[PDB]
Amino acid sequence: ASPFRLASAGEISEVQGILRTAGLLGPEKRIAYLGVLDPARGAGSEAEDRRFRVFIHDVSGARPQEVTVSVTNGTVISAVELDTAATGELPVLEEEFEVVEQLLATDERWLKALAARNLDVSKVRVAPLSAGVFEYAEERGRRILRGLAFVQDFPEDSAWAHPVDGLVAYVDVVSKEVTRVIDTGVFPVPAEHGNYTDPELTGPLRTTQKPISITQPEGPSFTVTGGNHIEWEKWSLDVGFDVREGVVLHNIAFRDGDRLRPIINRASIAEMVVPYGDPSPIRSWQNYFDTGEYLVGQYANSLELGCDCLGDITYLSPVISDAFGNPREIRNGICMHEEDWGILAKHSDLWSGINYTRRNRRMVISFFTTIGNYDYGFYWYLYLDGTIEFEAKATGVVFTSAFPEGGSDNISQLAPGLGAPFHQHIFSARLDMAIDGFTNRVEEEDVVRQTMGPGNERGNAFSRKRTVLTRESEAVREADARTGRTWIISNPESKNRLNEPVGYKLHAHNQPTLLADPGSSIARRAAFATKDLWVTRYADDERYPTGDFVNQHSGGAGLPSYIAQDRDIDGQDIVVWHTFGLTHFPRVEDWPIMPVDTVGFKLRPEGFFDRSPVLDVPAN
C-alpha cells in the first residue's frame, strides 16, 4: 500500500474515465503526458491521495490544458487552459512523427527539391525534429516541427547513411501547413550503405567468442515487495517510473545497525539536451531535449534476457498511458540484478600475518530508450560500501549530413561524402537530498596548495578548504579539475562519533559544459547546461531544470528563475542539480553503428558512517 508504488493499469483506466466524464477527452484530444504526482512534503499524517498530472493536446487548434486528477477521490482537482505562446508548447506526440513526412509529400516546393535530386518521394524519410525558437515571428504560438530528409533505398535500408543535405522544411502540424521550404544547394547523397546486419559489410561473423555464464544458483540477494520496493545489502529504495524522466529512485536509505538512515529522497535525470555545433542554416537550429520535448520513458525498450540484461534478472514492467488514455504496458522495461564488482578491500599484513580479501558487488537498475537515431541506457548503481553511481551509455546511429567538398571545421567525415556534425549530449541529474533527514547544506571543497616557508619548511604541506553555500544566488558553481573540486552534502545537525557532520561527496567527471555562445537561443533555453552544479531550496512545483513546457519555449524558465528567489539553503530542504555530458567529435569507428560511450557521476560517503560500513561482509 505504498504511496510510491508504480501506477497500475487500473489507475490509468480510472483517469481516462474521469477525464472523459468531465468533458476533457473528446475526439480531438490527445494525452501528451500523464504521470503520478509524488506525495506532498509531510504526508506522515497518513492520508493517501493518488493524484495524476495530465497534459491534454487538441488536434483542432483549441488551447491545450493542464489537468490534475485524484484517482483516490475520483475527481478533477484543477484544469487550466494554457497559452502556449507564453508558457511553451506540449511535448511532441508519437503520432506526429509521420505527419511531417506525409505533409511534405504533397507540397510542391518539397517535390520540386526532390525532383531536382532525382529522389523518389516514396523513398524519402523525414526526421521529425523539434523546432526551438529563433527568428521566425510566424512561429510564436504555433506547433512547429522541422524536417530533415534521408533516403531509404529499400524497406530494410538504414536511412541515416543517405542524408539529403542542403534542404530543410518547417511544418505547422496542427493547421497541416508547410510554412517554409529552404533549399540552399544540391549535395550528392552519400551512396555507401550503412547496413550493419549485411554480411557483405560485416564479413563472416566471429566464431572465437565462447560463452560467459553468469548464474545465481540460490536466487538473487535482493527482495522486491509491494511491486517496486527493493531491499539489498542494507540499502532500501523505491523504483518509480515516469513517462518523461524514465526510472526515478525514491527514498534511498541505508540500514546502519538498527537505524534506517535516509540519503536521497528522489533521484532522476530531469532533462537532457543534444546541441549541434554545425553553423549551416540546414542544421544550426538543431537542439533536441530528449527528456523535455520527446519524453524518454515512453520510448523505453523491452529488454531481452541474455542480450540486454545478463545474469539473474528481475524485471519491472511499468504502465503508461497512450495518447487516448488507454494503459500500455512496457513489458520488461526495467532490468534489475546484482553484479560482481571485483575486490572490495584487501590487505596482507607483514606484522600480524593476517591475509584479508573481500569482494565487492553492485545492484544495477537500468532501462534503455530509443528516440529516432539515438539510443541511451540509463544505469543506477548501488555499491556495498555506500557509493551511489549513475552512468549513461550512449549508442545508436550518429546524426549525419553530407561532408562538404573542401572539408569542414564543424563536421567530421565518416565515409565518402558522409559527415557527422559535432554535438554534445548533456544531462541534468536532479538529486532531492535527504542526508540523515532534510536539514542539509552544500560545501564546495577545493585543494589548497601551500608555499614553502615558516610552518612548511620543506614545502610538502597541502590542505583543503570548504566553502558553505548559504543562499541560492551563490549556489551556481563551476567545476575545477585543477583544484580537485568536489561538493559535499552534509547534515549539520547529525554528527558521527567524531562529532563531525555526516556527509556525502559528489565526484564529477569534469567534462565540458554547454559550448554554445552565451547569447544564443540554446544557451537561454538550456541555461542549466552552462554550469556544473546548482542548488535550490526544495519546492513542489520546481521539477525540471528547463521548466514544465520545454518545446518551443523562448527561454529562461527553470533553474535561472528558481534561484532568483535567493532562498536560504544552509541547513534546509535542498535539491542539487548536476550538469554532466559528453562532447562528441564523431570518429570513423562510430559508423555505421556506434560503440557505447559513457558519462556519469558518483556520490561517496564522507564521514556518514562511524567506520567502514563493510566490515561485516563475509569471506565468500
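Take the two forms, find the largest set of C-alpha atoms that superpose within 1.5 Å, and that set is the rigid core. Start at 1 and count along the sequence shown; that's the residue number.
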Per-stretch CA RMS vs shown form in 7 other deposited structures of this protein, rigid core as reference, larger of 53-61/36-44 is 36-44
The stretch carrying the higher mean Cα B factor in the deposited entry, 24-32 or 46-54, is 46-54
Of 550-558 and 572-580, the stretch with the higher mean C-alpha B-factor in the deposited entry is 550-558
Among 429, 77, 476, 171, the highest C-alpha B-factor in the PDB entry belongs to 77
When the entry's CA B-factors for 447, 137, 267, 336 are compared, the highest one belongs to 137
Binned into thirds over the chain's modelled residues, the C-alpha B-factor of residue 612 lands in the middle
Residue 277: CA B-factor among chain residues, third -> lowest
In terms of its chain's C-alpha B-factors, the third that includes residue 292 is the lowest
Entry-reported C-alpha B-factor of residue 299 relative to its chain, by third, is middle
On the chain's distribution of Cα B-factors, residue 176 falls within the third called highest
